[PDB]
Amino acid sequence: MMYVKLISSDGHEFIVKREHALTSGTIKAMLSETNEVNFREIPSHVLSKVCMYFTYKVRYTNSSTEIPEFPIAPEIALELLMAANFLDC
Amino acid sequence: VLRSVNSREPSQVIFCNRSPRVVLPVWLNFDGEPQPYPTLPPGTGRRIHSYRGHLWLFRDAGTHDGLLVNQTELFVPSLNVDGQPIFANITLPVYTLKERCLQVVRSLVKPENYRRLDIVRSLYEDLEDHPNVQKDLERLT
Amino acid sequence: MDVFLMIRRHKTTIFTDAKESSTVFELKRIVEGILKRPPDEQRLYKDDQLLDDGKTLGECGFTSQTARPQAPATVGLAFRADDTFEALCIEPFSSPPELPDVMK
Ligand SMILES: Cc1ncsc1-c1cc2c(cc1F)[C@@H](NC(=O)[C@@H]1C[C@@H](O)CN1C(=O)[C@@H](NC(=O)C1(F)CC1)C(C)(C)C)CCC2
Numbered sequence: 016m017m018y019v020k021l022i023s024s025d026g027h028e029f030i031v032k033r034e035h036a037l038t039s040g041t042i043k044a045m046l047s056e057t058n059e060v061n062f063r064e065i066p067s068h069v070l071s072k073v074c075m076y077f078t079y080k081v082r083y084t085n086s087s088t089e090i091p092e093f094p095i096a097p098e099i100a101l102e103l104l105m106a107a108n109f110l111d112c
Numbered sequence: 062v063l064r065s066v067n068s069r070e071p072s073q074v075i076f077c078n079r080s081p082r083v084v085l086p087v088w089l090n091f092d093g094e095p096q097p098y099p100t101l102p103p104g105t106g107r108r109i110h111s112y113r114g115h116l117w118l119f120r121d122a123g124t125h126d127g128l129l130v131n132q133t134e135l136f137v138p139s140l141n142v143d144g145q146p147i148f149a150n151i152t153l154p155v156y157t158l159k160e161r162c163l164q165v166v167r168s169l170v171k172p173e174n175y176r177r178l179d180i181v182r183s184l185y186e187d188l189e190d191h192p193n194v195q196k197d198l199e200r201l202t
Numbered sequence: 001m002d003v004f005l006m007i008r009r010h011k012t013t014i015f016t017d018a019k020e021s022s023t024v025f026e027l028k029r030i031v032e033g034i035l036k037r038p039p040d041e042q043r044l045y046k047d048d049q050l051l052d053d054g055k056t057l058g059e060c061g062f063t064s065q066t067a068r069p070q071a072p073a074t075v076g077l078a079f080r081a082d083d084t085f086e087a088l089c090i091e092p093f094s095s096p097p098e099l100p101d102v103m104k
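One line per chain: the protein sequences are B, C and A, in this order.
Numbered according to the authors' numbering, the first sequence spans residues 16 to 47, 56 to 112.
Numbering-wise, the authors' numbering puts 128 at position 67 of the second sequence, and it's gapless, one number per residue.
Numbering-wise, the authors' numbering puts 5 at position 5 of the third sequence, and it's gapless, one number per residue.
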């Protein structure tokens, strides 16, 4: 498959499938011409949760099957929100 | 505009909570007013008596977050065929990451202290706009 | 039955899914397609345990309900840098700040 790379502010590089990342129009526009995207304001403990949300959304969109909750630990709840607010995820 | 038709035609329904939330069933009366009904604990099912043409929506009992019934927002009981009740399957929607984070922060922060958080003021305003059935009904219309 | 996994080496983290019946070698072929290094130069790990290429992911404990899309399982990766294989090193994610008083 086709993979792209998302780099956090603290240097962590997450490699995710292109189709999974293209659910977000923000990442889709950030790609266009590139397979590498750098997020200088999103730390790894947040961007990892973002990639997890990518997988969760691709798996559970359009399911009669019981959809589980997406877990958010309190310690990241603020920063993730800000990240989400900046990416419209 | 959105209101229940007083059909007086019975329809037995199964409210099935396939979500991890305490579900509040809201019936819309003949005048268009939301009516609250007894809650369902997570993973529980109840057999109810309702009527054809009636309008039902489903919420988080504690937070009023929107929930999906049979993969749509509104449930209308239909005719029972061969005595089989009609399933209303209440599931979790695929929330946007922003709405889920807002839910978490709302569950963690008292409404008094939303402004004390170190976030953009836009986000304070977003936090204060927590789910409300009446506004959702108005937009629908 | 799909399982969802993070293949982690140093600060590299690969999010990917596979079948519970898939072998460790197929996972290594995916890692080869991504990072361009052959399976014989790769070593895969569950915790501190070496994984044999012939075993399926289910046998090695990666089940659909522990490797969830919303909570994927961690699989460690070690590469052969020269003649010798490198040690298993996975750099931890950043630590979140202290919980603000309004949330505490
Ligand atoms: C146990 C439980 N756990 C979660 S929910 C629930 C529940 C329980 C009950 C009802 C509905 C419920 F969900 C009750 N069922 C109703 O009240 C239904 C629902 C909607 O169809 C309206 N309705 C009516 O009876 C209305 N009557 C009519 O419209 C006419 F008979 C003129 C035709 C009303 C105007 C009397 C309210 C029956 C009593 C108990």
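Idealized CB from N, CA, C, for every residue including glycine.
Query - Counted within 10 angstroms of its Cβ, other Cβ atoms place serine 94 of chain A as buried (16 or more) or exposed - result: With 16 or more Cβ atoms within 10 Å of its Cβ, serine 94 of chain A is classed as buried.
**Report entry** Per DSSP, the bridge partner or partners of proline 95 of chain C
**Finding:** According to DSSP, which records beta bridges pairwise, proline 95 of chain C is partnered with C:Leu89.
Query raised in the report: Using a Cβ-Cβ distance under 8 Å, would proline 69 of chain A count as near chain C?
Result: It does not; no Cβ of chain C falls within 8 Å.
Query - Inside the region 118-177 of chain C only - alpha helix (DSSP H) runs reaching at least 4 residues - result: As far as the region 118-177 of chain C is concerned, its whole alpha helix (DSSP H) runs of at least 4 residues are 158-169.
Requested in this report: Locate the beta strand (DSSP E) running through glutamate 28 of chain B, then write down its first and last residues.
Outcome: Its beta strand (DSSP E) spans residues 28-32.
Query raised in the report: For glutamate 20 of chain A versus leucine 50 of chain A, is the C-beta spacing smaller than 8 Å?
Result: Taking 8 Å as the Cβ cut-off, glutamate 20 of chain A and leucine 50 of chain A do not qualify as a contacting pair.
Query - Under the three-state DSSP convention, the category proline 102 of chain C falls into - result: Here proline 102 of chain C sits in coil by DSSP.
Query raised in the report: Would you call the CB atoms of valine 69 of chain B and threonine 38 of chain B closer than 8 Å?
Result: No, the Cβ-Cβ distance between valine 69 of chain B and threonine 38 of chain B is not below 8 Å.
Report task. May I ask you to check if the CB of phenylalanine 148 of chain C is nearer than 7 Å to at least one heavy atom of ligand 1? Result -> Not a single heavy atom of ligand 1 lies less than 7 Å from the C-beta of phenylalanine 148 of chain C.
**Report entry** For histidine 10 of chain A and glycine 61 of chain A, the rounded distance between their alpha carbons
**Finding:** Rounded to whole angstroms, the separation of the alpha carbons of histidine 10 of chain A and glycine 61 of chain A is 23 Å.
Query raised in the report: Taking Cβ to Cβ, would you say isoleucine 30 of chain B is nearer than 8 Å to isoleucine 30 of chain A?
Result: If you check the CB distance, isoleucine 30 of chain B and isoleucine 30 of chain A do not come in under 8 Å.
Query raised in the report: Looking at the structure shown, is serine 72 of chain C part of a helix, part of a strand, or coil, going by DSSP?
Result: Strand, per DSSP.
Query raised in the report: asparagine 67 of chain C: beta carbon under 7 Å from a heavy atom of ligand 1?
Result: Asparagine 67 of chain C: yes, Cβ under 7 Å from ligand 1.
Report task. Give me the Cα-Cα distance between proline 172 of chain C and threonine 133 of chain C, rounded to the nearest whole angstrom. Result -> Counting only the Cα atoms, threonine 133 of chain C lies some 30 Å from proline 172 of chain C.
Query - Amino acids of chain A, ordered along the chain, whose beta-carbon sits closer than 7 Å to that of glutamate 98 of chain B - result: Correct list: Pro96 and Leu99.
Query raised in the report: Residues of chain B with CB under 8 Å from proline 72 of chain A, in chain order?
Result: Under the 8 Å cutoff, chain B gives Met75 and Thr78.
**Report entry** Chain-ordered chain B contacts of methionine 103 of chain A [CB-CB under 8 Å]
**Finding:** Residues of chain B passing the Cβ test: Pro97, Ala100 and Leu101.
Query raised in the report: Less than 8 Å separating the beta-carbons of residue 205 of chain C and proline 192 of chain C?
Result: One cannot answer for residue 205 of chain C here, as it falls past the ends of chain C, which runs 62 to 202.
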